[PDB]
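Shown next, in structure tokens, is the structure this report addresses.
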Amino acid sequence: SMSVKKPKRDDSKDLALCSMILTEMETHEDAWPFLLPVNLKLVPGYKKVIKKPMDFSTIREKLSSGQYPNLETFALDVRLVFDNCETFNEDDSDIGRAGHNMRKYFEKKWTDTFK
């Protein structure tokens with residue numbers, strides 16, 4: 001509260017470490033469904049159904065331009081990519097499986113780096 005602060009958790013490396021994680025996700029073999037924004041003209045249903053589209057290229061641009069105020073807003077956009085994928089894709093599809101694999105991969109890197 002006013003003039004009463006918990007000790008300062010060092011956040012000075014968070015930008016670098018989020019960028020490293022994002023690189024690792026970009027280079028995973030199963031990242032191909034997530035690299036670029038879904039083409040809203042060519043994928044029926046996507047525009048109406050997926051209220052907040054998100055992809056790794058869009059995260060990378062946001063990261064590079066100071067649009068994440070802290071590491072939790074970064075994790076929220078990564079999870080959004082996989083939550084969108086689950087909303088639109090059957091679990092037993094290549095893209096559905098890709099999304100489960102990537103979410104697992106991300107959550108381990110997240111825990112190992114920051115928890």
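Starting from 1 in every chain, residues are counted up; chains themselves are A, B, ... following the order of the structure tokens, and ligands are numbered from 1 as listed.
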
Subject >> helix (DSSP H, G or I) residues, from DSSP on the backbone, in chain A, as a PyMOL selection string >> reply: chain A and resi 14-26+29-31+46-49+56-64+71-88+94-114

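In terms of minimum interatomic distance to residue 104 of chain A, A:25 ranks closest within A:20, A:25, A:15, A:71, counting only C-alpha atoms.
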
Original post:
So which one's closest to residue 26 of chain A, A:60, A:41, A:8, A:103? Using only C-alpha atoms, please.
Top reply: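 Among the listed residues, the smallest separation from residue 26 of chain A belongs to A:60.
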
Original post:
Smallest atom-to-atom distance to residue 82 of chain A: which of A:58, A:27, A:101, A:111, using only C-alpha atoms?
Top reply: A:101

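If you look at atom CA of residue 54 of chain A and atom CA of residue 81 of chain A, they are 5.2 Å away from each other.
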